[PDB]
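Structure record follows, encoded as structure tokens.
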Amino acid sequence: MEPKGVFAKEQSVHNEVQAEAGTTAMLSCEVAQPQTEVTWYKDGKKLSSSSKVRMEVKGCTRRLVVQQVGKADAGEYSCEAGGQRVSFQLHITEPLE
């Protein structure tokens with residue numbers, strides 16, 4: 001057993017979470033089909049640069065490492081891959097301190 005479809009959801013990103021800005025999240029993806037296309041969407045729409053973002057491509061391993069340090073970068077993160085979609089919602093919650 002191993003195949004499931006395009007892009008394996010080995011990403012700690014697939015749910016609604018509300019937390020203060022500064023939460024580090026790493027997306028790990030292992031695609032079953034190489035036809036997978038690399039295409040990420042920010043806050044649902046391509047905005048300006050804010051949070052730290054880096055691309056790591058090597059063979060079939062496709063992983064985007066993003067650190068939520070910018071509040072402005074908060075928004076809908078939809079990860080597309082060939083023929084698959086990911087649903088995640090980041091909300092900035094002021095400290096309860």
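Simple scheme: letters A, B, ... for chains in structure tokens order, numbers from 1 for residues in each chain, numbers from 1 for ligands in the order shown.
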
Worksheet item: Which polymer residues have any atom within 9 Å of an atom of residue 72 in chain A, counting only C-alpha atoms, with same-chain residues fewer than 6 positions away left out, as a PyMOL selection string?
Response: chain A and resi 50-51+92

Practice prompt. Step one, run DSSP on the backbone; step two, keep only residues of chain A assigned to strand (DSSP E); then write them as a count of residues only.
Written response: 39

Each residue of range 46-93 of chain A lying at most 12 Å from range 2-10 of chain A should get a row with its shortest atom-to-atom pair and the distance in Å to one decimal, counting only C-alpha atoms; could you produce that, ordered by chain and increasing number, as JSON lines?
```
{"residue": "A:60", "atom": "CA", "partner": "A:7", "partner_atom": "CA", "distance": 9.7}
{"residue": "A:61", "atom": "CA", "partner": "A:7", "partner_atom": "CA", "distance": 9.7}
{"residue": "A:62", "atom": "CA", "partner": "A:7", "partner_atom": "CA", "distance": 8.6}
{"residue": "A:63", "atom": "CA", "partner": "A:10", "partner_atom": "CA", "distance": 9.5}
{"residue": "A:64", "atom": "CA", "partner": "A:10", "partner_atom": "CA", "distance": 11.6}
{"residue": "A:79", "atom": "CA", "partner": "A:7", "partner_atom": "CA", "distance": 10.0}
{"residue": "A:80", "atom": "CA", "partner": "A:7", "partner_atom": "CA", "distance": 8.9}
{"residue": "A:81", "atom": "CA", "partner": "A:7", "partner_atom": "CA", "distance": 6.1}
{"residue": "A:82", "atom": "CA", "partner": "A:6", "partner_atom": "CA", "distance": 6.5}
{"residue": "A:83", "atom": "CA", "partner": "A:6", "partner_atom": "CA", "distance": 6.3}
{"residue": "A:84", "atom": "CA", "partner": "A:6", "partner_atom": "CA", "distance": 6.2}
{"residue": "A:85", "atom": "CA", "partner": "A:7", "partner_atom": "CA", "distance": 9.3}
{"residue": "A:86", "atom": "CA", "partner": "A:9", "partner_atom": "CA", "distance": 8.3}
{"residue": "A:87", "atom": "CA", "partner": "A:9", "partner_atom": "CA", "distance": 11.0}
```

Residues near residue 25 in chain A, cut-off 10 Å, only C-alpha atoms, skip fewer than 4 positions along chain, as a compact mmCIF listing (two decimals) with C-alpha atoms, in the first residue's frame:
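Output file selection32.txt is given in full below:
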```
# COMPACT_ATOMS: atom_id res chain seq x y z
CA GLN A 11 1.47 18.43 5.46
CA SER A 12 0.60 19.72 8.92
CA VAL A 13 -1.82 21.97 7.06
CA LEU A 64 7.01 24.52 1.09
CA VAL A 65 8.30 25.81 4.42
CA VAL A 66 6.47 28.95 5.60
CA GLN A 67 6.91 30.67 8.97
CA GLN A 68 3.90 32.72 10.10
```

Response to the item:
Separating CA of residue 48 in chain A from CA of residue 70 in chain A, to the nearest tenth of an Å, is a gap of 11.2 Å

Discussion item. Residues near residue 59 in chain A, anyone? I mean within 12 Å using only C-alpha atoms, not counting same-chain ones fewer than 2 positions away, as number ranges by chain.
Written reply: A: 29-31, 34, 36, 56-57, 61-63

Take the residues just selected and output them with N, CA and C atoms as a PDB file, in the first residue's frame.
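As a result, part_24.pdb now contains:
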```
ATOM      1  N   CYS A  29       5.077  17.176   1.538  1.00  0.00           N
ATOM      2  CA  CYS A  29       4.240  16.555   0.507  1.00  0.00           C
ATOM      3  C   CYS A  29       5.024  15.477  -0.265  1.00  0.00           C
ATOM      4  N   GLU A  30       4.411  14.295  -0.416  1.00  0.00           N
ATOM      5  CA  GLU A  30       5.018  13.183  -1.171  1.00  0.00           C
ATOM      6  C   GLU A  30       4.003  12.733  -2.211  1.00  0.00           C
ATOM      7  N   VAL A  31       4.199  13.142  -3.458  1.00  0.00           N
ATOM      8  CA  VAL A  31       3.212  12.847  -4.499  1.00  0.00           C
ATOM      9  C   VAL A  31       3.380  11.490  -5.155  1.00  0.00           C
ATOM     10  N   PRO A  34       3.747  11.945 -10.529  1.00  0.00           N
ATOM     11  CA  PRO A  34       4.658  13.075 -10.862  1.00  0.00           C
ATOM     12  C   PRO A  34       3.935  14.187 -11.635  1.00  0.00           C
ATOM     13  N   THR A  36       1.901  15.840 -10.746  1.00  0.00           N
ATOM     14  CA  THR A  36       1.574  16.872  -9.780  1.00  0.00           C
ATOM     15  C   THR A  36       2.185  18.204 -10.222  1.00  0.00           C
ATOM     16  N   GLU A  56      11.498  24.467  -1.762  1.00  0.00           N
ATOM     17  CA  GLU A  56      12.444  23.349  -1.731  1.00  0.00           C
ATOM     18  C   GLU A  56      12.003  22.283  -2.725  1.00  0.00           C
ATOM     19  N   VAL A  57      12.729  22.185  -3.840  1.00  0.00           N
ATOM     20  CA  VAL A  57      12.399  21.217  -4.890  1.00  0.00           C
ATOM     21  C   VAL A  57      13.564  20.259  -5.124  1.00  0.00           C
ATOM     22  N   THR A  61      10.128  15.004  -4.221  1.00  0.00           N
ATOM     23  CA  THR A  61       9.846  15.681  -2.959  1.00  0.00           C
ATOM     24  C   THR A  61       9.538  17.161  -3.180  1.00  0.00           C
ATOM     25  N   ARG A  62       8.310  17.540  -2.841  1.00  0.00           N
ATOM     26  CA  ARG A  62       7.839  18.922  -2.974  1.00  0.00           C
ATOM     27  C   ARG A  62       7.372  19.410  -1.607  1.00  0.00           C
ATOM     28  N   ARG A  63       8.093  20.363  -1.000  1.00  0.00           N
ATOM     29  CA  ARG A  63       7.706  20.850   0.327  1.00  0.00           C
ATOM     30  C   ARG A  63       7.922  22.355   0.453  1.00  0.00           C
TER      31      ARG A  63
END
```

Fill in: Shell around residue 21 in chain A at 9 Å using only C-alpha atoms, local window under 6 positions removed, as a count of residues only
10

Worksheet entry | Distance criterion (only C-alpha atoms): nearest to residue 1 in chain A out of A:20, A:44, A:88, A:32 |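 Ranked by minimum distance to residue 1 in chain A, first place goes to A:32.
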